[PDB]
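Participant: So the sequences go chain by chain: A and B.
Just so we're aligned: the first sequence equals residues 5 to 173, 178 to 252 in PDB author numbering.
Residues in the second sequence are numbered consecutively from 5, following PDB author numbering.
For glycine and all other residues, C-beta sits at the position ideal for the given N, C-alpha and C.
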Amino acid sequence: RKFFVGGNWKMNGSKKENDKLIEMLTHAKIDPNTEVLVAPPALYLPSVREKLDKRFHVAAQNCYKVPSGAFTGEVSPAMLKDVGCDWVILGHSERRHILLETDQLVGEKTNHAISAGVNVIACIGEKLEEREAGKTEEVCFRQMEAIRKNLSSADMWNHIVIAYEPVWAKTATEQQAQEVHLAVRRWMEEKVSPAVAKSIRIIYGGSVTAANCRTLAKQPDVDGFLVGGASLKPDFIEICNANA
Amino acid sequence: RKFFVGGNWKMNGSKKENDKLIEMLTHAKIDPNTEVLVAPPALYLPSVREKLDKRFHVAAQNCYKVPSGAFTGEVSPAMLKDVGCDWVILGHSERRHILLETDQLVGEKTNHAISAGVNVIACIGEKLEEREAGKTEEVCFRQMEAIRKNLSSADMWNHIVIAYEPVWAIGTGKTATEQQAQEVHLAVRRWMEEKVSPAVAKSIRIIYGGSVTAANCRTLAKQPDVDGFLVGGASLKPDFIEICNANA
Ligand SMILES: [Mg+2]
Ligand SMILES: [Mg+2]
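1) The alpha helix (DSSP H) spanning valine 188 of chain B covers which residue range?
2) Kindly list, in the order they appear in chain A, the residues whose Cβ is closer than 8 Å to that of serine 239 of chain B.
3) Grouping DSSP H, G and I as helix and E and B as strand, with all else coil, what is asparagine 12 of chain A?
4) At the level of alpha carbons, what is the spacing between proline 202 of chain B and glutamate 141 of chain A?
5) Taking Cβ positions, are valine 204 of chain A and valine 216 of chain A nearer each other than 8 Å?
6) Counting only Cβ-Cβ distances shorter than 7 Å, please list the residues of the segment 60-79 of chain A near chain B, keeping chain order.
7) Would you give the residue range spanned by the alpha helix (DSSP H) that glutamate 98 of chain A belongs to?
8) Can you find a CB in chain A that lies within less than 8 Å of the CB of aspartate 243 of chain B?
9) Kindly provide the ranges of any beta strand (DSSP E) runs that are 3 or more residues long and lie completely inside the segment 44-86 of chain B, ordered along the chain.
10) Please classify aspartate 229 of chain A as buried or exposed, where buried requires at least 16 neighbouring CB atoms within 10 angstroms.
11) Could you name the residues that DSSP lists as bridge partners for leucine 41 of chain B?
12) Find the residues of chain B that neighbour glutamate 98 of chain A, judging by a C-beta separation of less than 9 Å, and give them in chain order.
13) Beta-carbon of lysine 14 of chain A versus every beta-carbon of chain B: anything under 8 Å?
14) Is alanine 219 of chain B helix, strand or coil when you go by DSSP?
15) Measuring only the C-alpha atoms, how far is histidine 189 of chain A from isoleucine 210 of chain A?
16) Note down, in chain order, each residue of its chain lying with its Cβ closer than 6 Å to the Cβ of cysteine 221 of chain A, except the 5 sequence neighbours on either side.
17) Please name the residue in A:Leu25, A:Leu94, A:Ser72, A:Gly17 whose C-alpha comes closest to that of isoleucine 166 of chain A.
18) Please list the residues of the segment 25-57 of chain B that have a C-beta atom closer than 9 Å to any C-beta atom in chain A, keeping them in chain order.
19) What number of angstroms, rounded off, separates the C-alpha of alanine 150 of chain A from the C-alpha of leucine 47 of chain A?
20) If you compare alpha carbons, which of B:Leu49, B:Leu103, B:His116 is closest to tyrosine 68 of chain B?
21) Roughly how many whole angstroms lie between the Cα atoms of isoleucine 208 of chain B and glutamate 78 of chain A?
22) Step through the CB atoms of chain A and report whether any lies within less than 8 Å of the CB of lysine 131 of chain B.
23) Strictly under 8 Å for the Cβ-Cβ distance: is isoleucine 102 of chain B near chain A by that measure?
24) So is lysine 19 of chain B in contact with chain A if we call contact Cβ pairs under 8 Å?
25) Here's the rule: buried if 16 or more other CB atoms are within 10 angstroms of the residue's CB, otherwise exposed. What is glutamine 183 of chain A?
26) Contact between the segment 18-29 of chain A and the segment 8-26 of chain B: three or more CB pairs below 8 Å?
27) Mind checking which residues open and close the beta strand (DSSP E) that includes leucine 29 of chain A?
28) Is the beta carbon of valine 87 of chain B closer than 8 Å to that of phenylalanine 60 of chain B?
29) Determine the burial state of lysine 19 of chain A: buried for a count of at least 16 other Cβ atoms within 10 Å of its Cβ, exposed for fewer.
30) Taking Cβ positions only, does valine 124 of chain A come closer than 8 Å to chain B?
31) Name the chain A residues that come within less than 7 Å of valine 87 of chain B, Cβ to Cβ?
32) Mind checking the segment 206-238 of chain B against chain A and listing, in chain order, the residues whose C-beta falls within less than 9 Å of any C-beta there?
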C-alpha cells in the first residue's frame, strides 16, 4: 500500500500564507513513494491547484451530495472537478460533531463524489465517552456501514482512503491507533472483501507531529496521515517523509 | 433608501457558466442608483470578483464566525476580504432548515462578518405551520432579536440588509401576494423602529426573498417597505436584469 500523507489546512489560508506553503512544497525533498495531498479552504482551491505541480493532490474539505441545486453555501463534486481538484475530505470530526453531519449524509456524499470522479478521504472516529464505554468499534463500524450501504458498487472502494480520528484524544499511543486501524481493516475484510481490505489505505488522523510520525508510520495497519496543524509548518515535510 | 437586488446563485456554477453570467451583467443596462450583488459558490468567489466589474458586489453564500481555526470545510470573513469580496449572505432558509443553522449562530456570524468589514444580507422568515398559528411576527422577531443581541454595537446595522423569505410559500404550493409581503416588511421595519431606533428603521433596506420573477417584480418593488430582492433561480437567467430594473 502506497504511503499517503494529506495535510488538512482546516480554516486557515490567505494569499500570503498559501504562497509560503506552496513554495515550501515546491522545493521540498519528499520521498517519491509518498502520495502527498493538501486541502486548502474552498476559496483558495482553484489557485492552489493551479500553482502546485501535479505531483501533489489538492482536496476540498467538504462537498455536497448532488451536482447542483438550491443548497445555498454548498459546493458539488462537479465544481471540484471543474477547478482541477480530484479529492475531497468527508465526514471530518469537525463536520460531524460541530457542524452536525449525520453518518447517512457522509455516506451519501461519499457515493456521489466518487460517481462524479472525485476520490474521498472518509473520516471516522469515536468521542471520549464512547471510548470510555468500550464502544470504539461499535461507533467506527456504524460510521463505516453508513458509507458501505450508500456506495453504488463495490469497486468504489478503490477511490476511498479511510482516516481514523481519535476524537477522544488524554493522548493516543501508536499502539492505540494500530488497534483501531486493524479492527477497521478486519471489518473491511468481512464486509467488503479481503482484496479491498488488503489494498485500502487507512491513515491516522490524530495528532501527527514531526516527533511522533516515524513511530506511527511503523505500525503495520497505519498507511499514512491526515495531518492537522503541522500541515501549516515546515514539519509537514518531515511527516511526508515518515515512512522513508 | 437605495434599491438593492442580490442574485443568489446557490449551488450552481462553473468557471465557464460564471463567465456567461458575468457577460450578462457586464452588458446589462441597469439604473446606476441600484445596488446589484451576485453570490457565487465559494470556489468561484476570487475569480468572479477579479473578472466582474466592481460596480457589482460579489457575496459569499455563507461564512463562519471566527477568522481561522479548526473548522474543516468552513471559510472566514477574513478570507473573503483577502480575495476582495465584501458581502455575505447569512441565515438563508436553506442553511437554517437543511443545514440546521440556529438563530444564535446566524447572529454570531453576522457580527463577525461585519467586524471584518464584510456587509451582510441577513435572512429571516417563518414556515407555514408557524404562519398558520399566527406566529409570523413571533418567529421573525425572534430571528431579528438573535441578530440584534449579538451585534457588537448598533452601528453595525449600517452594514446589514435584511431579507425576508416567506418560507411558508417558498417551500409549498402557496404564493405570497405583494400585500402579504408588504405586511411582513412593515412589521419588521416597525420592530427595527421600536427595538433599535427610528433612524435605523428609516434607513435599513428590507429586501424580499420570496419567488421573484420578471412577471411579478414590478408589483413587488412598488410596495413601500420592499427595498429590493434576494433573487433565487432567476439570477441564473437574463430575467435577472429585468428584476434589477424593477423599480424604474
Ligand atoms: Mg462581452
Ligand atoms: Mg410556493
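Facilitator: Looking at the coordinates:
1) Within the second sequence, numbered from 1, the residue matching residue 188 of chain B stands at position 184. Membership of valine 188 of chain B in the alpha helix (DSSP H) is indicated by the continuous run 182-199.
2) Residue 239 of chain B sits at position 235 when you count from the first residue of the second sequence. Correct list: empty, because the minimum Cβ distance to chain A is about 12 Å.
3) Position 8 of the first sequence, counted from the start, is the residue given in the question as residue 12 of chain A. Annotated three-state conformation of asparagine 12 of chain A is strand, per DSSP.
4) Numbered from 1 along the second sequence, position 198 holds the residue referred to as residue 202 of chain B. Numbered from 1 along the first sequence, position 137 holds the residue referred to as residue 141 of chain A. Straight-line Cα distance between these residues: approximately 59 Å.
5) Locating residue 204 of chain A in the first sequence gives position 196, counting from the first residue. Locating residue 216 of chain A in the first sequence gives position 208, counting from the first residue. Taking 8 Å as the Cβ cut-off, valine 204 of chain A and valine 216 of chain A do not qualify as a contacting pair.
6) Within the segment 60-79 of chain A, the qualifying residues are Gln65, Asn66, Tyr68, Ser72, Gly73, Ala74, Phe75, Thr76, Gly77, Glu78, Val79.
7) As a working mapping, residue 98 of chain A is identified with position 94 in the first sequence. Run containing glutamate 98 of chain A: 97-101, per the alpha helix (DSSP H) assignment.
8) Along the second sequence, one-based indexing puts residue 243 of chain B at 239. Interface residue (Cβ-Cβ distance to chain A less than 8 Å): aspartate 243 of chain B is not classified as such.
9) Runs of the beta strand (DSSP E) inside the segment 44-86 of chain B: 61-64.
10) Taking the first residue of the first sequence as position 1, residue 229 of chain A is located at position 221. By the neighbour-count rule (16 or more Cβ atoms within 10 Å), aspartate 229 of chain A is buried.
11) The residue given as residue 41 of chain B occupies position 37 in the second sequence. According to DSSP, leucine 41 of chain B shares a beta bridge with B:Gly10, B:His61.
12) Here residue 98 of chain A refers to the residue found at position 94 when the first sequence is read from its first residue. In chain order: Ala74, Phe75, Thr76, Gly77, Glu78.
13) On the first sequence, position 10 is the one that residue 14 of chain A refers to. Contacts with chain B at 8 Å (Cβ-Cβ) include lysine 14 of chain A.
14) Taking the second sequence and counting its residues from 1, one reaches residue 219 of chain B at position 215. Here DSSP, grouped into helix, strand and coil, assigns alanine 219 of chain B to coil.
15) Residue 189 of chain A sits at position 181 when you count from the first residue of the first sequence. Residue 210 of chain A sits at position 202 when you count from the first residue of the first sequence. So the alpha carbons of these two residues sit roughly 7 Å apart.
16) Position 213 of the first sequence, counting from 1, holds the residue named residue 221 of chain A. Excluding positions up to five away in sequence, the list reads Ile247, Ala250.
17) As a working mapping, residue 166 of chain A is identified with position 162 in the first sequence. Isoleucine 166 of chain A has its Cα closest to that of A:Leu94, out of A:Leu25, A:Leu94, A:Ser72, A:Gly17.
18) Hits within the stretch, in order: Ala43, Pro45, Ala46, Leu47, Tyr48, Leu49, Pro50, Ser51.
19) Along the first sequence, read from residue 1 onward, the residue named residue 150 of chain A stands at position 146. Along the first sequence, read from residue 1 onward, the residue named residue 47 of chain A stands at position 43. Here the alpha carbons of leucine 47 of chain A and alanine 150 of chain A stand approximately 29 Å from one another.
20) Mapped onto the second sequence, residue 68 of chain B falls at position 64. Checking every option, the nearest Cα to that of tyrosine 68 of chain B belongs to B:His116.
21) Along the second sequence, read from residue 1 onward, the residue named residue 208 of chain B stands at position 204. Along the first sequence, read from residue 1 onward, the residue named residue 78 of chain A stands at position 74. Cα-Cα distance, rounded: 28 Å.
22) The sequence position of residue 131 of chain B within the second sequence is 127, counting from 1. Residue contact with chain A for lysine 131 of chain B: absent (no Cβ-Cβ distance below 8 Å to any residue of chain A).
23) On the second sequence, residue 102 of chain B is found 98 positions in, with the first residue counted as 1. So, interface residue.
24) Position 15 of the second sequence, counted from the first residue, corresponds to residue 19 of chain B. Closer than 8 Å to some Cβ of chain A, the Cβ of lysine 19 of chain B qualifies, so yes.
25) As a working mapping, residue 183 of chain A is identified with position 175 in the first sequence. Looking at its Cβ environment, which holds fewer than 16 other Cβ atoms inside 10 Å, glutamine 183 of chain A is exposed.
26) The segment 18-29 of chain A makes no contact with the segment 8-26 of chain B; the number of CB pairs closer than 8 Å stays below 3.
27) As a first step, residue 29 of chain A must be located in the first sequence, where it is residue number 25. Careful: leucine 29 of chain A lies outside any beta strand (DSSP E), inside the alpha helix (DSSP H) at 19-31.
28) Start at 1 with the first residue of the second sequence, and residue 60 of chain B comes out as number 56. Start at 1 with the first residue of the second sequence, and residue 87 of chain B comes out as number 83. No, the pair does not count as a contact, with Cβ atoms beyond the cut-off.
29) Position 15 of the first sequence, counted from the start, is the residue given in the question as residue 19 of chain A. The residue in question, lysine 19 of chain A, is exposed, as its Cβ has fewer than 16 Cβ neighbours within 10 Å.
30) Taking the first sequence and counting its residues from 1, one reaches residue 124 of chain A at position 120. By the rule that beta-carbons nearer than 8 Å mark a contact, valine 124 of chain A does not touch chain B.
31) Within the second sequence, the letter at position 83 stands for residue 87 of chain B. Ordered by position in chain A, the residues that pass the 7 Å Cβ test against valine 87 of chain B are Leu47.
32) Within the segment 206-238 of chain B, the residues whose Cβ lies closer than 9 Å to some Cβ of chain A are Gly236, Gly237, listed in chain order.
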